[PDB]
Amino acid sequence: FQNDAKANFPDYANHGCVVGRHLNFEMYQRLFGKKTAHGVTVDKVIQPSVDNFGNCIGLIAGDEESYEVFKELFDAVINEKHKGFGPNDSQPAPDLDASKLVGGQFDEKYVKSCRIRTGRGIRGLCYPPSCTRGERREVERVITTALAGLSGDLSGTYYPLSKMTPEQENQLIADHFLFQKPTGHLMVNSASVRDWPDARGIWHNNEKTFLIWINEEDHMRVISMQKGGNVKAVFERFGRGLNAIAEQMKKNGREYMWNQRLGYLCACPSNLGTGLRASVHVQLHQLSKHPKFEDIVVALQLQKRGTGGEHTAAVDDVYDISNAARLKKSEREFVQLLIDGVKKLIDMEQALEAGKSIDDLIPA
């Protein structure tokens, strides 16, 4: 008996994962014995895809180096997932300049709130699927040390999950800032929830307009938010926050994971490039009952979902609309995509309100 590639090749029958359609034995044999500097193997990065029979992606990176050592597998998946992204295609340079936005104010009669999120990795340390307790703790240390250097309207306080009081936990729940131990297949099967809640925590400023999660699904989850429809102001704080944290991190020789081709790196290939989801809560009483509604959203390159997030129902016809893509455009440009898209949606709503047709407002 030999523990070789042939003996270890996954049985992808019945699976609906992207990986199974790209990881033929030819490729597996090649990648089988490879390892990153942190010991991440091909079996590691595909484990979730094997465990799950649903329509997953199944691909997860244990560390930054995963994207280079297992480049041909990630590129194949990335290419299909992000609807076209070859080996010579490159992510545009980061763009966090809020002042370059045009008309970043929404009619607050329809737009109730604005939210912009992204994820960062701390270079040198493994992603949650592979990180050790030591690494995870260093991630928390780096981040919290940096956050404590923030001032002004970015001044905040840190709430470690492992030292959280009933009173604090209760208030964070009411704020909807608390996160539980993940239970999703990708997180569970990738061993991303080990040692919970060791070195996990929540940070937020006094205004509660800037939220930070540590060691949840990414090293750092960044969230900027405001009531109303001033998306430009939400983006301005978003970029100013990321930059400020990065500046405090340089003091300790730490930086975000980023490279010319893929932009900001994270464990989940689906969230590469900008990892940015800009969204609004927008009320669309009439448009939502229009037969072309779902097609209009897709055409605008937006995504639609319930008020309570992914896989929830929309209450009082208020929808969570956001940019659908993550790659092939800069942050500032995705935010401009949301602006243009949402205003069009609002124009259509105001047409239906006046008993008019929207037939010639639809993206041809």
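A residue's number is simply how far along the shown sequence it sits, counting from 1.
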Which of the two stretches, 10-18 or 344-352, shows the higher mean Cα temperature factor in the record?
-> 10-18
Name the higher of the two by mean Cα B-factor in the PDB entry, 278-286 versus 247-255.
-> 247-255
Using the entry's values, work out which of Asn323, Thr41, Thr307, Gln47 has the largest Cα B factor.
-> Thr307
Going by the entry, which of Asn230, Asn215, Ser192, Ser155 has the most elevated CA B factor?
-> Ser155
Chain third (lowest, middle, highest) by recorded CA B-factor, residue given as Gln336 | lowest
For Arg30, does the deposited CA B-factor place it in the lowest, middle or highest third of the chain?
-> highest
Should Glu135 be placed in the lowest, middle or highest third of its chain by the C-alpha B factor in the entry?
-> lowest
Tell me, lowest, middle or highest third: where does the Cα B factor of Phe210 rank within its chain?
-> lowest
By its CA B factor, does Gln303 count among the lowest, middle or highest third of the modelled residues in the chain?
-> middle
